[PDB]
>>> print(open('structure-v4.cif').read())   # mmCIF, C-alpha atoms and all ligand atoms
data_my_file
loop_
_atom_site.group_PDB
_atom_site.id
_atom_site.type_symbol
_atom_site.label_atom_id
_atom_site.label_comp_id
_atom_site.auth_asym_id
_atom_site.auth_seq_id
_atom_site.Cartn_x
_atom_site.Cartn_y
_atom_site.Cartn_z
ATOM 1 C CA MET A 1 15.886 -7.504 38.063
ATOM 2 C CA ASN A 2 15.554 -5.402 34.911
ATOM 3 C CA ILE A 3 16.143 -5.916 31.188
ATOM 4 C CA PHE A 4 19.878 -5.200 31.477
ATOM 5 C CA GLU A 5 20.426 -7.691 34.300
ATOM 6 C CA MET A 6 18.256 -10.266 32.506
ATOM 7 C CA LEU A 7 20.071 -10.041 29.184
ATOM 8 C CA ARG A 8 23.419 -9.922 30.987
ATOM 9 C CA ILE A 9 22.597 -13.328 32.490
ATOM 10 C CA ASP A 10 21.372 -14.757 29.191
ATOM 11 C CA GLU A 11 24.140 -13.370 26.974
ATOM 12 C CA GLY A 12 27.190 -13.363 29.261
ATOM 13 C CA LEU A 13 30.083 -10.955 28.950
ATOM 14 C CA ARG A 14 33.136 -11.732 26.846
ATOM 15 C CA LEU A 15 35.723 -9.104 25.906
ATOM 16 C CA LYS A 16 37.261 -10.957 22.939
ATOM 17 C CA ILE A 17 35.512 -11.942 19.716
ATOM 18 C CA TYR A 18 33.768 -15.291 20.199
ATOM 19 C CA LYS A 19 31.218 -17.319 18.274
ATOM 20 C CA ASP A 20 27.623 -17.239 19.519
ATOM 21 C CA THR A 21 25.293 -20.257 19.788
ATOM 22 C CA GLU A 22 24.760 -20.091 16.016
ATOM 23 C CA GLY A 23 28.492 -19.941 15.236
ATOM 24 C CA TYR A 24 28.491 -16.206 14.482
ATOM 25 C CA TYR A 25 31.175 -13.749 15.529
ATOM 26 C CA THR A 26 30.009 -11.780 18.544
ATOM 27 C CA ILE A 27 31.538 -9.736 21.347
ATOM 28 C CA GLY A 28 30.596 -8.138 24.657
ATOM 29 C CA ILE A 29 27.085 -8.854 25.909
ATOM 30 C CA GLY A 30 25.666 -10.613 22.877
ATOM 31 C CA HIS A 31 26.729 -7.987 20.345
ATOM 32 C CA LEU A 32 26.536 -9.744 16.982
ATOM 33 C CA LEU A 33 29.309 -8.540 14.686
ATOM 34 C CA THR A 34 28.546 -10.423 11.475
ATOM 35 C CA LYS A 35 27.162 -13.666 10.094
ATOM 36 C CA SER A 36 30.253 -13.844 7.825
ATOM 37 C CA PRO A 37 32.653 -16.737 8.501
ATOM 38 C CA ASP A 38 35.516 -14.282 7.874
ATOM 39 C CA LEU A 39 37.103 -13.212 11.158
ATOM 40 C CA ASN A 40 38.578 -10.172 9.395
ATOM 41 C CA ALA A 41 35.058 -9.048 8.475
ATOM 42 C CA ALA A 42 34.056 -9.395 12.140
ATOM 43 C CA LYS A 43 37.118 -7.393 13.215
ATOM 44 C CA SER A 44 36.209 -4.638 10.755
ATOM 45 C CA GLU A 45 32.652 -4.538 12.120
ATOM 46 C CA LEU A 46 34.062 -4.332 15.640
ATOM 47 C CA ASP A 47 36.369 -1.444 14.795
ATOM 48 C CA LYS A 48 33.477 0.398 13.124
ATOM 49 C CA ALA A 49 31.256 -0.195 16.171
ATOM 50 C CA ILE A 50 33.829 1.022 18.703
ATOM 51 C CA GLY A 51 35.484 3.746 16.605
ATOM 52 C CA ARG A 52 39.051 2.485 17.052
ATOM 53 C CA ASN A 53 41.300 -0.347 15.920
ATOM 54 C CA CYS A 54 40.445 -2.987 18.528
ATOM 55 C CA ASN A 55 42.147 -6.058 17.057
ATOM 56 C CA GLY A 56 39.318 -8.231 18.342
ATOM 57 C CA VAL A 57 39.344 -7.084 21.987
ATOM 58 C CA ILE A 58 37.291 -4.486 23.882
ATOM 59 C CA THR A 59 36.961 -3.201 27.449
ATOM 60 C CA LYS A 60 34.038 -3.799 29.813
ATOM 61 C CA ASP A 61 32.968 -0.166 29.419
ATOM 62 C CA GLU A 62 32.932 -0.590 25.630
ATOM 63 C CA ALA A 63 30.932 -3.816 25.909
ATOM 64 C CA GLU A 64 28.425 -2.069 28.150
ATOM 65 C CA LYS A 65 28.161 0.808 25.679
ATOM 66 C CA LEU A 66 27.300 -1.569 22.820
ATOM 67 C CA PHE A 67 24.843 -3.284 25.158
ATOM 68 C CA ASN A 68 23.093 0.013 25.968
ATOM 69 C CA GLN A 69 22.825 0.792 22.273
ATOM 70 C CA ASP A 70 21.618 -2.714 21.425
ATOM 71 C CA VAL A 71 18.912 -2.799 24.113
ATOM 72 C CA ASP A 72 17.713 0.719 23.124
ATOM 73 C CA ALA A 73 17.603 -0.272 19.447
ATOM 74 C CA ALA A 74 15.770 -3.541 20.246
ATOM 75 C CA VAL A 75 13.000 -1.776 22.176
ATOM 76 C CA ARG A 76 12.706 1.036 19.617
ATOM 77 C CA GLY A 77 12.486 -1.566 16.849
ATOM 78 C CA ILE A 78 9.567 -3.202 18.659
ATOM 79 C CA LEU A 79 7.764 0.153 18.841
ATOM 80 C CA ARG A 80 8.388 0.731 15.123
ATOM 81 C CA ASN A 81 7.017 -2.708 14.205
ATOM 82 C CA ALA A 82 3.279 -2.685 13.469
ATOM 83 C CA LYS A 83 2.882 -6.345 14.468
ATOM 84 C CA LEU A 84 4.891 -6.126 17.673
ATOM 85 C CA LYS A 85 3.936 -2.715 19.079
ATOM 86 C CA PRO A 86 0.317 -3.506 20.068
ATOM 87 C CA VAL A 87 1.394 -6.758 21.728
ATOM 88 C CA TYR A 88 4.266 -5.069 23.562
ATOM 89 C CA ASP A 89 2.054 -2.209 24.722
ATOM 90 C CA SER A 90 -0.509 -4.720 26.020
ATOM 91 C CA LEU A 91 2.066 -6.307 28.333
ATOM 92 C CA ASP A 92 3.073 -5.502 31.891
ATOM 93 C CA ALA A 93 6.652 -4.362 32.587
ATOM 94 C CA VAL A 94 8.096 -7.794 33.378
ATOM 95 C CA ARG A 95 6.628 -9.466 30.298
ATOM 96 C CA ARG A 96 7.854 -6.513 28.203
ATOM 97 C CA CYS A 97 11.352 -7.554 29.323
ATOM 98 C CA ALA A 98 10.739 -11.062 28.014
ATOM 99 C CA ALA A 99 9.707 -9.533 24.676
ATOM 100 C CA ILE A 100 12.847 -7.389 24.498
ATOM 101 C CA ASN A 101 14.967 -10.413 25.387
ATOM 102 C CA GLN A 102 13.452 -12.512 22.607
ATOM 103 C CA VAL A 103 13.877 -9.740 20.005
ATOM 104 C CA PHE A 104 17.456 -9.128 21.197
ATOM 105 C CA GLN A 105 18.267 -12.795 20.600
ATOM 106 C CA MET A 106 16.266 -13.514 17.421
ATOM 107 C CA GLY A 107 15.731 -10.126 15.798
ATOM 108 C CA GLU A 108 12.402 -9.045 14.309
ATOM 109 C CA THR A 109 12.783 -11.516 11.450
ATOM 110 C CA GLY A 110 12.968 -14.203 14.142
ATOM 111 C CA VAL A 111 9.928 -13.007 16.087
ATOM 112 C CA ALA A 112 7.909 -12.759 12.850
ATOM 113 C CA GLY A 113 7.538 -16.550 13.021
ATOM 114 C CA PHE A 114 5.600 -16.091 16.255
ATOM 115 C CA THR A 115 2.180 -14.766 15.072
ATOM 116 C CA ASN A 116 0.226 -17.341 17.063
ATOM 117 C CA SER A 117 2.294 -16.863 20.262
ATOM 118 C CA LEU A 118 1.920 -13.089 19.934
ATOM 119 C CA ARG A 119 -1.860 -13.353 19.655
ATOM 120 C CA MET A 120 -2.007 -15.548 22.755
ATOM 121 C CA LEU A 121 0.213 -13.105 24.646
ATOM 122 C CA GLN A 122 -2.018 -10.192 23.620
ATOM 123 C CA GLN A 123 -5.044 -12.220 24.783
ATOM 124 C CA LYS A 124 -3.238 -12.843 28.111
ATOM 125 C CA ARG A 125 -3.648 -16.589 27.655
ATOM 126 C CA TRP A 126 -0.380 -17.125 29.449
ATOM 127 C CA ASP A 127 -0.166 -20.899 29.751
ATOM 128 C CA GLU A 128 -1.319 -21.362 26.163
ATOM 129 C CA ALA A 129 1.204 -18.790 24.939
ATOM 130 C CA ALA A 130 3.965 -20.551 26.856
ATOM 131 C CA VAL A 131 3.076 -23.910 25.278
ATOM 132 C CA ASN A 132 3.043 -22.358 21.817
ATOM 133 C CA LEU A 133 6.349 -20.468 22.354
ATOM 134 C CA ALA A 134 8.159 -23.744 23.090
ATOM 135 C CA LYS A 135 7.084 -25.268 19.735
ATOM 136 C CA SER A 136 9.925 -23.512 18.008
ATOM 137 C CA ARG A 137 13.432 -23.792 16.631
ATOM 138 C CA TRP A 138 14.272 -21.127 19.218
ATOM 139 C CA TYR A 139 13.267 -23.396 22.115
ATOM 140 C CA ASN A 140 14.936 -26.467 20.665
ATOM 141 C CA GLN A 141 18.271 -24.754 19.963
ATOM 142 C CA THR A 142 18.489 -22.745 23.204
ATOM 143 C CA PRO A 143 16.151 -24.567 25.596
ATOM 144 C CA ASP A 144 17.526 -23.403 28.920
ATOM 145 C CA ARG A 145 17.420 -19.737 27.928
ATOM 146 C CA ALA A 146 14.069 -20.103 26.136
ATOM 147 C CA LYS A 147 12.640 -21.794 29.254
ATOM 148 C CA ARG A 148 13.631 -18.750 31.339
ATOM 149 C CA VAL A 149 12.133 -16.321 28.854
ATOM 150 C CA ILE A 150 8.975 -18.413 28.516
ATOM 151 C CA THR A 151 8.567 -18.628 32.311
ATOM 152 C CA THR A 152 8.812 -14.835 32.366
ATOM 153 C CA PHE A 153 6.047 -14.606 29.730
ATOM 154 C CA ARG A 154 3.970 -17.212 31.582
ATOM 155 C CA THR A 155 4.193 -15.682 35.057
ATOM 156 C CA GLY A 156 5.056 -11.999 34.721
ATOM 157 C CA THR A 157 7.603 -12.627 37.496
ATOM 158 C CA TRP A 158 11.370 -12.860 37.628
ATOM 159 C CA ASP A 159 11.287 -16.380 39.126
ATOM 160 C CA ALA A 160 13.442 -17.848 36.337
ATOM 161 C CA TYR A 161 16.220 -15.308 36.980
ATOM 162 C CA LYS A 162 16.050 -15.396 40.800
HETATM 163 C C1 LIG B 1 6.752 -7.399 21.117
HETATM 164 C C2 LIG B 1 6.045 -8.285 21.826
HETATM 165 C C3 LIG B 1 6.559 -9.531 21.913
HETATM 166 S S1 LIG B 1 6.234 -11.027 22.598
HETATM 167 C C4 LIG B 1 7.596 -11.845 22.033
HETATM 168 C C5 LIG B 1 8.302 -10.959 21.326
HETATM 169 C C6 LIG B 1 7.784 -9.715 21.236
HETATM 170 S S2 LIG B 1 8.117 -8.217 20.562
#
>>> encode(input="structure-v4.cif", output="structure tokens", more="lines below")
Ligand SMILES: c1cc2sccc2s1
Amino acid sequence: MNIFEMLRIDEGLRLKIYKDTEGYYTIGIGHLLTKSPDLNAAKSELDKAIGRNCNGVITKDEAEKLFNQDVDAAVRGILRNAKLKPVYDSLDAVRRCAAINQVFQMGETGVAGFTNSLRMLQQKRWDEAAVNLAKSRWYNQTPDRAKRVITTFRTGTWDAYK
């Protein structure tokens, strides 16, 4: 297991524009195109991202390229965030993957709501952090995925992903 395999399980792989759990146009391995309800806007974003006229469809290689970029940008964003960096750097490698996963799904605006969870994670109060993490819109809207990510934060193992 590694961050790519983990997010691949959580995000799936679809080669045509689809709507994510929030109803937003997405493609590939959880590559958000736009929050606009206009499919044409999503198609434009896709074409810009890939560098060709895709008409809403990409190849596996292209999906994996966006995924590489998106994971890289997620981790780099964490390091550039003054609130997230010290917590991330305090974590072991497996729990760092849980952090990347959460940021990938929710963005940094999303994880900003998690001050108390972050503090508990930095304190290595794992069971307490896990309880706090579940008291969230995130958990309630995507409970099976959040449970996996939370188990990863709780245990520092890959048990939830096999
Ligand atoms: C850096 C650390 C942590 S813990 C949950 C999200 C993030 S980002």
>>> closest_residue(input="structure-v4.cif", among="A:105, A:142, A:132, A:115", to="residue 26 of chain A", atoms="only C-alpha atoms")
A:105
>>> residues_near_ligand(input="structure-v4.cif", ligand="ligand LIG 1 (chain B)", cutoff="10 Å", atoms="all atoms listed in the file", output="tab-separated table (two decimals) with C-alpha atoms, in the coordinates of the input")
chain	number	residue	atom	x	y	z
A	74	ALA	CA	15.77	-3.54	20.25
A	75	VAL	CA	13.00	-1.78	22.18
A	77	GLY	CA	12.49	-1.57	16.85
A	78	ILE	CA	9.57	-3.20	18.66
A	79	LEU	CA	7.76	0.15	18.84
A	81	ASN	CA	7.02	-2.71	14.20
A	82	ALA	CA	3.28	-2.68	13.47
A	83	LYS	CA	2.88	-6.34	14.47
A	84	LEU	CA	4.89	-6.13	17.67
A	85	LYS	CA	3.94	-2.72	19.08
A	86	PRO	CA	0.32	-3.51	20.07
A	87	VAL	CA	1.39	-6.76	21.73
A	88	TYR	CA	4.27	-5.07	23.56
A	89	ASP	CA	2.05	-2.21	24.72
A	90	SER	CA	-0.51	-4.72	26.02
A	91	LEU	CA	2.07	-6.31	28.33
A	95	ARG	CA	6.63	-9.47	30.30
A	96	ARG	CA	7.85	-6.51	28.20
A	97	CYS	CA	11.35	-7.55	29.32
A	98	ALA	CA	10.74	-11.06	28.01
A	99	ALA	CA	9.71	-9.53	24.68
A	100	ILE	CA	12.85	-7.39	24.50
A	101	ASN	CA	14.97	-10.41	25.39
A	102	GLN	CA	13.45	-12.51	22.61
A	103	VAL	CA	13.88	-9.74	20.00
A	104	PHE	CA	17.46	-9.13	21.20
A	106	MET	CA	16.27	-13.51	17.42
A	107	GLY	CA	15.73	-10.13	15.80
A	108	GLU	CA	12.40	-9.04	14.31
A	110	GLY	CA	12.97	-14.20	14.14
A	111	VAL	CA	9.93	-13.01	16.09
A	112	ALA	CA	7.91	-12.76	12.85
A	114	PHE	CA	5.60	-16.09	16.26
A	115	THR	CA	2.18	-14.77	15.07
A	117	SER	CA	2.29	-16.86	20.26
A	118	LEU	CA	1.92	-13.09	19.93
A	119	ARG	CA	-1.86	-13.35	19.66
A	120	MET	CA	-2.01	-15.55	22.76
A	121	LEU	CA	0.21	-13.10	24.65
A	122	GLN	CA	-2.02	-10.19	23.62
A	129	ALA	CA	1.20	-18.79	24.94
A	133	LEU	CA	6.35	-20.47	22.35
A	149	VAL	CA	12.13	-16.32	28.85
A	150	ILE	CA	8.98	-18.41	28.52
A	153	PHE	CA	6.05	-14.61	29.73
>>> closest_residue(input="structure-v4.cif", among="A:144, A:23, A:59, A:28", to="residue 11 of chain A", atoms="only C-alpha atoms")
A:28
>>> resolve_selection(input="structure-v4.cif", expression="the PyMOL selection byres (((chain A and resi 66) around 10) and not hetatm)", output="list in words")
residues 27, 28, 29, 30, 31, 49, 50, 60, 61, 62, 63, 64, 65, 67, 68, 69, 70, 71 and 72 of chain A
>>> write_last_selection(input="structure-v4.cif", atoms="C-alpha atoms", output="PDB file, in the frame of the given file")
ATOM      1  CA  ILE A  27      31.538  -9.736  21.347  1.00  0.00           C
ATOM      2  CA  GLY A  28      30.596  -8.138  24.657  1.00  0.00           C
ATOM      3  CA  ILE A  29      27.085  -8.854  25.909  1.00  0.00           C
ATOM      4  CA  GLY A  30      25.666 -10.613  22.877  1.00  0.00           C
ATOM      5  CA  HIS A  31      26.729  -7.987  20.345  1.00  0.00           C
ATOM      6  CA  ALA A  49      31.256  -0.195  16.171  1.00  0.00           C
ATOM      7  CA  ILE A  50      33.829   1.022  18.703  1.00  0.00           C
ATOM      8  CA  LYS A  60      34.038  -3.799  29.813  1.00  0.00           C
ATOM      9  CA  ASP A  61      32.968  -0.166  29.419  1.00  0.00           C
ATOM     10  CA  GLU A  62      32.932  -0.590  25.630  1.00  0.00           C
ATOM     11  CA  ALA A  63      30.932  -3.816  25.909  1.00  0.00           C
ATOM     12  CA  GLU A  64      28.425  -2.069  28.150  1.00  0.00           C
ATOM     13  CA  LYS A  65      28.161   0.808  25.679  1.00  0.00           C
ATOM     14  CA  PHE A  67      24.843  -3.284  25.158  1.00  0.00           C
ATOM     15  CA  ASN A  68      23.093   0.013  25.968  1.00  0.00           C
ATOM     16  CA  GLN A  69      22.825   0.792  22.273  1.00  0.00           C
ATOM     17  CA  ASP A  70      21.618  -2.714  21.425  1.00  0.00           C
ATOM     18  CA  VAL A  71      18.912  -2.799  24.113  1.00  0.00           C
ATOM     19  CA  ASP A  72      17.713   0.719  23.124  1.00  0.00           C
TER      20      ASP A  72
END
>>> atom_distance(input="structure-v4.cif", atom1="atom CA of residue 148 of chain A", atom2="atom CA of residue 128 of chain A")
16.0 Å
>>> atom_distance(input="structure-v4.cif", atom1="atom CA of residue 2 of chain A", atom2="atom CA of residue 162 of chain A")
11.6 Å
>>> atom_distance(input="structure-v4.cif", atom1="atom CA of residue 125 of chain A", atom2="atom CA of residue 156 of chain A")
12.1 Å
>>> axis_aligned_box(input="structure-v4.cif", around="segment 9-25 of chain A", padding_each_side="6 Å", output="JSON")
{"center_x": 29.3, "center_y": -14.7, "center_z": 23.5, "size_x": 27.9, "size_y": 23.2, "size_z": 30.0}
>>> resolve_selection(input="structure-v4.cif", expression="the PyMOL selection byres (((chain A and resi 45) around 12) and not hetatm)", output="MDAnalysis selection string")
chainID A and resid 17 25:27 31:36 38:44 46:56
